[PDB]
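A.B. asks: From the sequence below, what's the structure:
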Amino acid sequence: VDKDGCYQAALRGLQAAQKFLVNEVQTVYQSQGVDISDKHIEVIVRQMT
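C.D. replies: Residues are numbered from 1 along each chain as shown. Let me share the structure:
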(Lines give C-alpha, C1' and ligand atoms only; values in the text may rest on other atoms or scores of the structure.)
Protein backbone atom coordinates (compact mmCIF):
# COMPACT_ATOMS: atom_id res chain seq x y z
CA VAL A 1 0.00 0.00 0.00
CA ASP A 2 2.81 2.47 0.77
CA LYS A 3 5.67 1.22 -1.43
CA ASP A 4 3.38 1.57 -4.46
CA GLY A 5 0.04 3.23 -5.10
CA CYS A 6 -3.11 2.20 -3.28
CA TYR A 7 -4.80 1.30 -6.58
CA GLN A 8 -1.94 -0.96 -7.69
CA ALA A 9 -1.81 -2.57 -4.24
CA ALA A 10 -5.56 -3.24 -4.35
CA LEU A 11 -5.13 -4.70 -7.85
CA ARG A 12 -2.32 -7.04 -6.74
CA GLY A 13 -4.23 -8.20 -3.65
CA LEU A 14 -7.44 -8.85 -5.59
CA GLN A 15 -5.43 -10.65 -8.30
CA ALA A 16 -3.87 -12.95 -5.69
CA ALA A 17 -7.28 -13.67 -4.14
CA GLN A 18 -8.79 -14.31 -7.60
CA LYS A 19 -6.03 -16.75 -8.57
CA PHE A 20 -6.37 -18.62 -5.26
CA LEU A 21 -10.17 -18.90 -5.48
CA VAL A 22 -10.22 -19.99 -9.14
CA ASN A 23 -7.51 -22.63 -8.60
CA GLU A 24 -9.15 -24.09 -5.48
CA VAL A 25 -12.67 -24.27 -6.97
CA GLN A 26 -11.23 -25.86 -10.12
CA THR A 27 -9.23 -28.48 -8.22
CA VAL A 28 -12.22 -29.43 -6.04
CA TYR A 29 -14.31 -29.89 -9.19
CA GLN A 30 -11.49 -31.84 -10.88
CA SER A 31 -11.29 -34.14 -7.83
CA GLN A 32 -14.71 -35.55 -8.84
CA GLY A 33 -14.24 -35.87 -12.61
CA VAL A 34 -16.28 -32.75 -13.45
CA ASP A 35 -15.04 -30.50 -16.26
CA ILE A 36 -16.05 -26.83 -16.11
CA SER A 37 -14.26 -24.15 -18.11
CA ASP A 38 -12.29 -21.49 -16.25
CA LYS A 39 -14.33 -18.56 -17.60
CA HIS A 40 -17.50 -19.83 -15.89
CA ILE A 41 -15.77 -19.81 -12.51
CA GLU A 42 -13.98 -16.52 -12.98
CA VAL A 43 -17.14 -14.62 -14.00
CA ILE A 44 -18.43 -15.35 -10.49
CA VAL A 45 -15.02 -14.74 -8.86
CA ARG A 46 -14.98 -11.39 -10.71
CA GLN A 47 -18.37 -10.59 -9.17
CA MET A 48 -16.97 -11.55 -5.75
CA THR A 49 -13.77 -9.45 -5.97
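A.B. asks: What's the first helix or strand after the helix ranked longest in the chain?
C.D. replies: Criterion DSSP state H: the longest helix present in the chain is helix 6-30. Per DSSP states H and E, the first helix or strand lying C-terminal to helix 6-30 is helix 38-48.
A.B. asks: What lies in contact with that following helix?
C.D. replies: Applying Cβ atoms under 8 Å, 6 or more residues apart in numbering, the external contacts of helix 38-48 come out as 18, 21-22, 25-26. Every C-beta, even on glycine, is put in place using the N, C-alpha and C of the backbone.
A.B. asks: Check these and tell me the two furthest apart.
C.D. replies: Based on Cβ to Cβ, the longest span within the contacts of helix 38-48 runs between 18 and 26 and measures 12.2 Å.
A.B. asks: In contact with the residue nearest the centre of the chain, which residues?
C.D. replies: Residue closest to the mean C-alpha point of the chain, counted by Cα atoms, centre = their mean, is residue 18 at 1.7 Å. With contact taken as Cβ under 8 Å, 6+ apart, residue 18 is in contact with 42, 45-46, 49.
A.B. asks: from these, which would you call buried?
C.D. replies: The neighbour count (16 or more other Cβ atoms under 10 Å) marks 42, 45 as buried among these.
A.B. asks: could I get the contacts of residue 18 as JSON lines with distance to residue 5?
C.D. replies: JSON lines is the format used below for the contacts of residue 18 (distance: Cβ to Cβ, whole Å):
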{"residue": "42", "distance to residue 5": "25"}
{"residue": "45", "distance to residue 5": "23"}
{"residue": "46", "distance to residue 5": "22"}
{"residue": "49", "distance to residue 5": "18"}
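A.B. asks: for the contacts of residue 18, which one is nearest residue 33?
C.D. replies: Set against residue 33, the nearest of those by Cβ to Cβ is residue 42 (21.0 Å).
A.B. asks: Please tell me how far the closest one sits from residue 11.
C.D. replies: With distances taken as Cβ to Cβ, to the nearest Å, residue 42 is found 16 Å from residue 11.
A.B. asks: Same question for residue 36.
C.D. replies: Distance of residue 36 to residue 11, computed by Cβ to Cβ: 26 Å.
A.B. asks: and if you look at residue 33?
C.D. replies: 35 Å.
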